[PDB]
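[1] no sequence on this one, just coordinates:
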Ligand SMILES: C[C@@H]1CC[C@@]2(OC1)O[C@H]1C[C@H]3[C@@H]4CC=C5C[C@@H](OCCC(CO)CO)CC[C@]5(C)[C@H]4CC[C@]3(C)[C@H]1[C@@H]2C
Ligand SMILES: C[C@@H]1CC[C@@]2(OC1)O[C@H]1C[C@H]3[C@@H]4CC=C5C[C@@H](OCCC(CO)CO)CC[C@]5(C)[C@H]4CC[C@]3(C)[C@H]1[C@@H]2C
Ligand SMILES: C[C@@H]1CC[C@@]2(OC1)O[C@H]1C[C@H]3[C@@H]4CC=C5C[C@@H](OCCC(CO)CO)CC[C@]5(C)[C@H]4CC[C@]3(C)[C@H]1[C@@H]2C
Ligand SMILES: C[C@@H]1CC[C@@]2(OC1)O[C@H]1C[C@H]3[C@@H]4CC=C5C[C@@H](OCCC(CO)CO)CC[C@]5(C)[C@H]4CC[C@]3(C)[C@H]1[C@@H]2C
Ligand SMILES: C[C@@H]1CC[C@@]2(OC1)O[C@H]1C[C@H]3[C@@H]4CC=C5C[C@@H](OCCC(CO)CO)CC[C@]5(C)[C@H]4CC[C@]3(C)[C@H]1[C@@H]2C
Ligand SMILES: *[C@@H]1O[C@H](CO)[C@@H](O)[C@H](O)[C@H]1NC(C)=O
Ligand SMILES: *[C@@H]1O[C@H](CO)[C@@H](O)[C@H](O)[C@H]1NC(C)=O
Ligand SMILES: *[C@@H]1O[C@H](CO)[C@@H](O)[C@H](O)[C@H]1NC(C)=O
Ligand SMILES: *[C@@H]1O[C@H](CO)[C@@H](O)[C@H](O)[C@H]1NC(C)=O
Ligand SMILES: *[C@@H]1O[C@H](CO)[C@@H](O)[C@H](O)[C@H]1NC(C)=O
Ligand SMILES: *[C@@H]1O[C@H](CO)[C@@H](O)[C@H](O)[C@H]1NC(C)=O
Ligand SMILES: *[C@@H]1O[C@H](CO)[C@@H](O)[C@H](O)[C@H]1NC(C)=O
Ligand SMILES: *[C@@H]1O[C@H](CO)[C@@H](O)[C@H](O)[C@H]1NC(C)=O
Ligand SMILES: *[C@@H]1O[C@H](CO)[C@@H](O)[C@H](O)[C@H]1NC(C)=O
Ligand SMILES: *[C@@H]1O[C@H](CO)[C@@H](O)[C@H](O)[C@H]1NC(C)=O
Ligand SMILES: *[C@@H]1O[C@H](CO)[C@@H](O)[C@H](O)[C@H]1NC(C)=O
Ligand SMILES: *[C@@H]1O[C@H](CO)[C@@H](O)[C@H](O)[C@H]1NC(C)=O
Ligand SMILES: *[C@@H]1O[C@H](CO)[C@@H](O)[C@H](O)[C@H]1NC(C)=O
Ligand SMILES: *[C@@H]1O[C@H](CO)[C@@H](O)[C@H](O)[C@H]1NC(C)=O
Ligand SMILES: *[C@@H]1O[C@H](CO)[C@@H](O)[C@H](O)[C@H]1NC(C)=O
Ligand SMILES: *[C@@H]1O[C@H](CO)[C@@H](O)[C@H](O)[C@H]1NC(C)=O
Ligand SMILES: *[C@@H]1O[C@H](CO)[C@@H](O)[C@H](O)[C@H]1NC(C)=O
Ligand SMILES: *[C@@H]1O[C@H](CO)[C@@H](O)[C@H](O)[C@H]1NC(C)=O
Ligand SMILES: *[C@@H]1O[C@H](CO)[C@@H](O)[C@H](O)[C@H]1NC(C)=O
Ligand SMILES: *[C@@H]1O[C@H](CO)[C@@H](O)[C@H](O)[C@H]1NC(C)=O
């Protein structure tokens, strides 16, 4: 069986004439094809005001190193070792659409190398990735957030994202968003290789949403009556005043929640604006009636 | 008695042919069984809107190194030493359900080694761990937060969590949550070893909660009377208007506190929604009466 | 074709008598002319209360190194290599008008060197840059934010910003601000070289703005009527009281949004102040009428 | 007089056979007695909602090193030197009740060594230390925050906190809290040595607090009259309604300020709850009267 | 002319027998006199609730090294070089009244050395410096914030702040505060050397402030009339109720803005408290009249 000394010898031979900064190919004309695997662990939040989505991912990069092969029979049948990530060449992949808010405490700092040259490198990453949040159909809204991976500085002739496999680990259930992130896309080679995972998020119709809507619908009904109230009923003025005040409060509060950076406005905001306008017109009519 | 020079000699011999990156077993076929001990020090907070729990823990990992044994009689009876954590192999345990918000000022950076090879490594960790917060029975709500430990990258054939012993240190009393975190669980070996400590949290019925409820119950009574008020009492309109305004304010304020990511809705929110609906119906009936 | 060993030989020769801290000119009397390229990727936000603008840029510095030239025919036709940024002299350019909130996870840490001596060094930078935000014409407001680059400590006789090319990458569309940042400016040499990119930002007239304005205009109309209401109409007092309350609420809420550090005040704030003053005068007139 | 070369020789000899990781005693059976001195500089804040206190301290550790003695007559009368803190053994003292939010810009990173072996090591630390904040007697409330020092990992047989001397530097006056932190306590040796400084904080009766009291007392008086108002005065309904609305607003606002993690509730919260209940009962009585 | 090799030789000779941790004087009995130059670049904010002031400064330390002199005629007339700040002794000056929130991205990390021994070391520092904010005369308030520099650990017999020159760079204009920070003060030598720059800040009377006031003055007038309103006018009750509600809202909102840690209270808070008290007394008188 392999022993501690055998692996010490192997690690001594592997790193002898190895340069961490030279791309690991025998012939420099060859590209290193990196395959990326992005698995969502949990979707922490989807911030509308800041147009961001906060989530946690398991990102794994797989590639082949041609300087780091060995014959397992010469080392008591060692077929794979674990090296520190900072001793070996590693593809310069970046989350170039996101703020990577990971700590060093969540950093693995280690990779697995196989005797055939294949490296698997896995890590946890907390990402604040920018999303264009279209609140047009609020609260029945759907969004698409694209999480980008890209090769930092190297040309598509040096390092390439062969493929991006993106999935949902199903580690946690959200109960607020229906997440759909599953697929497999080739890399896009335009002066530098990149790819992105499309994450589709559909707000779930929790009856808390229904509770939020009940005041809106009943206030619409009540405003319809007060606008229909007889011209000289007797309580027109105060009733219309209070109802317009409530409508203004709702119109103010909805704006503070709906995003201001949207492709189209929320239909609910327009509906409440029209409702407040009609309430104001009803109060104006009541004032005119009082004049007469 | 042992002296400074004796320990200098011992530390010189221990680290001579030692590789920090090789797993510390004579035969590479043997697993290293790590036993983890997680003690709660203080539970800082249980953030409902963010679905997080912020707490401080004392985490201790115990394992055995077979490269780091010695005979105490050859070193003037030295039976244990303290080594910097970064000179020796340490298990790659991660809190893979948490944000580890510890500083380097709160990092011990040192471990204790015994002449038999047993290492104890203790640390303080401040964790923001994701919890699925079910506010269904608010404010009589109970929650379960699972704190996960997992071996980062290695297979269950290399490194394993033998056991996870989790307790409450009782260093501070909370006065807001009844914490129940005490037990001892074997690690789960599914392609990589992990375990989790279940923390049960029952909100304590402080009379501040009762103060928050008194307005709700008395407003229920008041709404019942105003809905029961005679059709032509004389103050029906204004009274019902103010009652509905207060009900809407309460329904709005409760939503800003109850979490929007919940398995089931809070019953109190539904109760206040129904109460506001009945208040609106009472105002509608008053309007109809005024019409007649 | 070039091989791994050829590039090892090249990198060994290049760095032999190279000093990272000496400015890279054969004759120390020559200046290093750096050309900077600033490309906006996404404009995250424009914070009015803090007078900041948060954005993401792709910054590239291009210069020429005279110690790091080679003949490609002596190295199997290698025409360019990639070096770690911390092994080579790099111009000390600073964003001396911004908080650089970039992480090490978003840091490229590598530059591309050509056989002629030309270095390209690219990076992603998240900048919180201070802007003097003039909310005079809110919500039809325009702003200019100047993003500064400057040579940290060296005199214009050592390092110089030859040029600054600034553009918009058009990676994302904003839907809230119309961004205009495109041009090319020579560096300014006054005891140390610097330059700045002017970013012109015009608020887009989204109909959400129109929804925000509708209450203001209709309240102006209604206040005009209530001030015009007959002296003894019958509901003057309560109507004017509620309308002044609403005007005060709007005047309070607008202040919390408009910035307090502005060259001139917002015209809308003055308009609402005058509207509230007229509402108060109307209530005063109603009180006087009630006295008579 | 001593010269640069003399101190170079001294520093060369002191560190010759010195091990930074070995506890600095000739005989390993001896304890190192550390004396800690904690001086408050300024108390930044006392956060009630988070149960924290933020302050700045100047912390000094004094101990004796037996490997680092010299005869000043052999070095041209050098009696003390200053060494970098990371070259020498320093006690592993932690603020194990606090979050240490200090930067490296506020880190001295240097200690003073005397020819007799005595080390003084001073530092500035910004601490967020957890406090159990009892708002029972708000706003005449007193609190006690214990700031803990403890030896990180070592047994009381290796490193001991001999003494903790804690004072107030009086650098700034607070005007909001009366701070009382002055004393001298032996360390507690229970499987590891620790100690704590008790900081007593009495809220100062600033008339801004009294101004906050003014509305509560006058509203109590007004509620007493409205509850005493004649059954058929004429304005009972509206007056009671508005007064109950104001009472509910006050009861809601006080809760958002008083902490929810308290040993006992604030008496002011209970008082306002009772007052709101009596206002509701008065409105109920008015409703009953209107029925009759 | 001097060449790359000449500077390589010079830098090789300068650092040969140089100790970065030894204070740079031939005779250890001599002090190193440091002159500090603090220039305000921009004043970001003056946070009243936290009692802080956030600003950006350009800080330059100038001193003389006696180990780092050379004859420029022996090095082809090289008269000054630039060294990395971490290779040379640097005075241990701290901003010991501030939180230094600077990043490594805004860190120059380099100093200029002249053949006569003189070192200039300049840097950008973003400081959060604690200020005792006296809101007594709000909004016509003036404040004094003292920014402290101090020698970290060394006695006045080793390192001294000879002088402190503070100015305003005038890079940006504030439009909210009139800043007056200009002067030149000797250092204070009391067991360790320190100095401070006094920054005087006078709130500018922007009409945004005048606008905030208009509601206060007109509400004072309106309260005066309602208190003067005839005992049986007819609308006394409702009018006084609404006036008191608005007064209470203003008194509540002003408190949330004025600081609670002040030498004296704000006069405006007392004025609004008195106005609310008089409004309450007017309502009490109206209640008494209704009783009669
Ligand atoms: C998630 C995404 C990753 C980042 C990204 O979108 C978001 O950001 C975009 C900006 C692009 C760069 C803009 C300018 C240049 C300069 C050009 O060289 C001219 C030099 C010469 C001019 O005068 C000197 O004089 C080379 C190409 C380069 C670097 C672009 C590369 C692709 C980039 C990085 C794009 C990329 C898709
Ligand atoms: C607290 C918890 C810790 C993290 C965790 O939940 C939360 O997150 C989950 C996601 C899981 C990984 C998903 C995908 C793969 C890829 C597979 O390799 C296929 C390669 C081949 C495919 O095509 C190449 O082509 C190897 C296994 C691995 C890495 C999973 C490991 C277990 C993980 C980390 C789970 C774990 C329980
Ligand atoms: C985006 C922008 C970058 C930063 C910046 O605006 C914002 O900030 C401004 C402050 C300026 C410095 C102020 C003072 C001095 C001292 C002087 O030396 C006298 C020494 C002698 C006095 O008595 C000793 O006794 C040398 C020049 C220097 C360092 C200025 C350089 C330019 C600076 C950095 C300006 C620059 C434009
Ligand atoms: C400000 C304060 C500092 C931190 C502190 O309160 C706050 O936190 C408390 C938690 C305590 C630890 C809990 C458990 C153990 C395990 C035990 O070993 C059994 C091993 C064996 C079991 O089965 C293996 O199988 C050794 C002692 C130790 C480490 C305690 C030390 C004291 C600690 C750190 C206490 C300390 C006072
Ligand atoms: C901006 C400002 C910088 C910081 C500062 O205000 C704010 O903070 C103040 C606290 C002071 C220290 C308090 C206590 C001591 C102990 C004494 O030694 C006795 C040892 C002996 C006792 O028994 C052992 O047994 C030596 C002096 C020292 C360190 C003071 C130095 C000056 C300091 C740092 C002051 C300084 C002005
Ligand atoms: C490199 O190129 C040569 C010639 O093209 C070829 O013979 C050799 O096999 C290549 N090396 C590898 C590893 O493919
Ligand atoms: C090497 O290990 C593999 C996997 O355990 C096994 O199948 C094979 O028989 C081994 N060969 C030798 C020579 O040990
Ligand atoms: C996810 O979205 C894609 C494209 O929008 C669709 O093809 C796929 O069916 C969706 N997945 C599920 C589970 O609905
Ligand atoms: C992706 O690349 C592979 C590799 O050649 C190719 O077979 C495939 O057609 C490409 N497109 C897709 C959608 O897989
Ligand atoms: C390693 O394996 C060999 C053969 O299986 C055995 O003799 C030896 O005792 C093992 N070493 C240890 C430390 O168990
Ligand atoms: C070694 O130390 C242990 C523990 O103090 C003691 O019991 C034993 O007698 C000692 N033996 C020798 C040889 O010193
Ligand atoms: C804690 O919870 C577990 C399971 O929910 C239970 O068995 C145990 O009795 C509880 N502990 C206490 C002290 O109630
Ligand atoms: C855990 O592992 C031990 C070790 O063999 C075993 O005896 C025990 O049955 C396992 N299960 C539990 C619940 O301890
Ligand atoms: C340096 O200066 C000398 C004389 O002025 C000149 O001959 C030489 O070409 C210069 N070197 C370079 C690289 O321009
Ligand atoms: C060197 O490479 C360039 C670019 O591929 C090519 O045009 C040229 O012919 C090559 N020369 C030799 C000698 O290989
Ligand atoms: C951007 O602004 C500059 C100067 O204000 C102007 O010359 C240019 O035309 C503008 N660009 C566009 C696209 O309007
Ligand atoms: C900028 O510098 C170049 C270089 O000489 C010069 O030709 C040009 O006139 C300068 N001004 C502008 C606006 O480009
Ligand atoms: C160490 O112990 C020996 C014997 O107990 C004693 O002679 C010696 O003085 C001790 N060393 C010190 C520094 O106290
Ligand atoms: C050493 O220095 C001390 C303090 O300055 C002084 O009292 C003593 O006389 C000096 N002795 C010698 C030999 O220099
Ligand atoms: C501080 O508190 C302690 C105990 O509570 C007391 O003995 C001491 O007198 C107090 N100090 C002052 C100045 O009141
Ligand atoms: C603290 O320790 C000293 C040292 O022996 C002792 O004299 C004293 O009695 C102890 N207790 C107190 C309160 O100082
Ligand atoms: C150091 O002191 C000696 C004697 O006091 C004196 O001769 C010498 O000039 C001094 N050195 C310096 C650099 O002042
Ligand atoms: C050295 O440089 C200075 C400044 O340029 C110049 O005045 C002087 O003549 C030069 N001397 C020599 C010998 O080069
Ligand atoms: C700044 O303040 C100082 C002292 O308060 C005063 O002497 C000086 O004249 C002031 N400067 C200006 C420009 O007002
Ligand atoms: C400051 O120190 C210098 C240096 O001796 C002295 O001339 C001056 O009088 C001192 N005071 C002031 C205000 O400059």
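    That came in fine, so what should we check first? Numbering: from 1, shown residues only, chains lettered A, B, ... in the order given. Ligands and ions are numbered 1, 2, ... in the order given.
[2] most proximal residue of the stretch 101-250 of chain A with respect to chain B?
    As assessed by CB to the nearest CB, chain B sits closest to residue A:105 within the stretch 101-250 of chain A, at 3.6 Å. Yep, even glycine has a C-beta here, placed from its N, CA and C like the rest.
[3] if the closest residue to that residue other than its chain neighbours is in a bridge, with which residues?
    Distances taken as CB to CB, 6 or more residues apart in numbering or on different chains place residue B:100 nearest to residue A:105, at 3.6 Å, with adjacent residues excluded. Taking DSSP bridges as the rule, residue B:100 bridges to residue B:127.
[4] okay but residue B:100 is in contact with residue B:124, surely?
    No - counting by CB atoms under 8 Å, residue B:124 is not a contact partner of residue B:100; they are 10.9 Å apart.
[5] please enumerate the helices of chain A.
    For chain A, applying DSSP state H gives helices covering A:4-14, A:207-228, A:236-255, A:267-291.
[6] so which of the ones you listed gets nearest ligand 10?
    Of all the helices of chain A, helix A:4-14 sits nearest to ligand 10, with 9.4 Å by CB to the nearest ligand atom.
[7] for chain A, longest strand please?
    When chain A is parsed with DSSP state E, its longest strand is strand A:32-47.
[8] what residues of it count as buried?
    Across strand A:32-47, burial judged by 16 or more other CB atoms under 10 Å in any protein chain shown covers A:32-46.
[9] and chain B, is that strand touching that?
    Yes - using CB under 8 Å from any CB of the partner chain, strand A:32-47 reaches chain B at A:42, A:44, A:45.
[10] what about the residue nearest to residue A:10 when sequence neighbours are not counted, distance to residue E:252?
    Spatial nearest neighbour of residue A:10, excluding adjacent residues (CB to CB, 6+ apart): residue A:75 at 4.8 Å. Counting by CB to CB, to the nearest Å, the separation of residue A:75 from residue E:252 is 76 Å.
[11] neighbour count winner among those two?
    Each of residue A:75 and residue E:252 has its neighbours counted (other CB atoms under 10 Å in any protein chain shown); residue A:75 has more, 19 against 16.
[12] what residues are up against the more buried one?
    Shown in contact with residue A:75 (CB atoms under 8 Å, 6 or more residues apart in numbering or on different chains): A:2, A:6, A:7, A:9, A:10.
[13] now, the most widely separated pair of those residues?
    Greatest spatial distance among the contacts of residue A:75 (CB to CB): A:2 and A:9, at 10.2 Å.
[14] which residue is nearest the centroid of chain A?
    For chain A, residue A:53 is the residue whose C-alpha lies nearest the centre (CA atoms, centre = their mean; 4.5 Å).
[15] ok, that one touching residue A:43?
    Yes - look at residue A:53 against residue A:43 with CB under 8 Å: they come within range, at 7.1 Å.
[16] joint contacts of these two?
    Joint contacts of residue A:53 and residue A:43 (CB under 8 Å, 6+ apart) are residue A:201.
[17] quick one: contacts for residue A:92?
    Applying CB under 8 Å, 6+ apart, the residues near residue A:92 are A:151, A:152, A:153, A:154, A:159, C:108, C:110.
[18] neighbours around the second one, how many?
    With neighbours defined by other CB under 10 Å, the count for residue A:152 comes to 19.
[19] give the contact list for it.
    Residue A:152 neighbours (CB under 8 Å, 6+ apart): A:92, A:93, A:94, A:96, C:108, C:110.
[20] the longest strand of chain A close to ligand 2?
    Yes - applying CB under 6 Å from any ligand atom, one finds strand A:32-47 touching ligand 2 at A:37, A:39, A:41.
[21] closest residue of chain A to ligand 14?
    Relative to ligand 14, the nearest point of chain A is residue A:21 (27.7 Å; CB to the nearest ligand atom).
[22] residue of chain A nearest ligand 4, please.
    In chain A, the residue that lies nearest ligand 4 is residue A:105 (19.3 Å; CB to the nearest ligand atom).
[23] quick check: residues of the stretch 51-200 of chain A near ligand 3?
    So the stretch 51-200 of chain A never meets ligand 3 (CB under 6 Å from any ligand atom).
[24] distance check, the closest residue to ligand 22 within the stretch 51-200 of chain A against residue E:244.
    Closest approach between the stretch 51-200 of chain A and ligand 22, counting by CB to the nearest ligand atom: residue A:86, at 45.9 Å. Separation of residue A:86 from residue E:244 (CB to CB): 69 Å.
[25] these two: which is more packed in?
    Legend: neighbour count by other CB under 10 Å for residue A:86 and residue E:244, higher for residue E:244 (28 against 10).
[26] how about the nearest residue to that one, chain neighbours excluded?
    In space, residue E:244 is closest to residue E:279, 4.3 Å off (CB to CB, 6+ apart).
[27] list the contacts of that neighbour.
    E:223, E:226, E:227, E:240, E:243, E:244, E:247.
[28] neighbour-wise, give me the winner out of those residues.
    Result: residue E:244 is most packed of the contacts of residue E:279 (other CB under 10 Å), 28 neighbours.
[29] residue A:191: how many residues sit nearby?
    Neighbour number of residue A:191 under other CB under 10 Å is 7.
[30] likewise residue A:89?
    20.
[31] how much space between it and ligand 6?
    Using CB to the nearest ligand atom, to the nearest Å, residue A:89 is found at 16 Å from ligand 6.
[32] what residues are up against that residue?
    A:19, A:20, A:21, A:22, A:23, A:24, A:65.
[33] 10 Å instead?
    Residues counted as contacts of residue A:89 (CB atoms under 10 Å, 6 or more residues apart in numbering or on different chains) are A:18-25, A:32, A:63, A:65, A:67-68, A:119, A:159.
[34] likewise residue A:264?
    Taking CB under 10 Å, 6+ apart as the test, what residue A:264 contacts is A:134, A:135, A:136, A:137, A:270, C:175, C:206, C:207, C:208.
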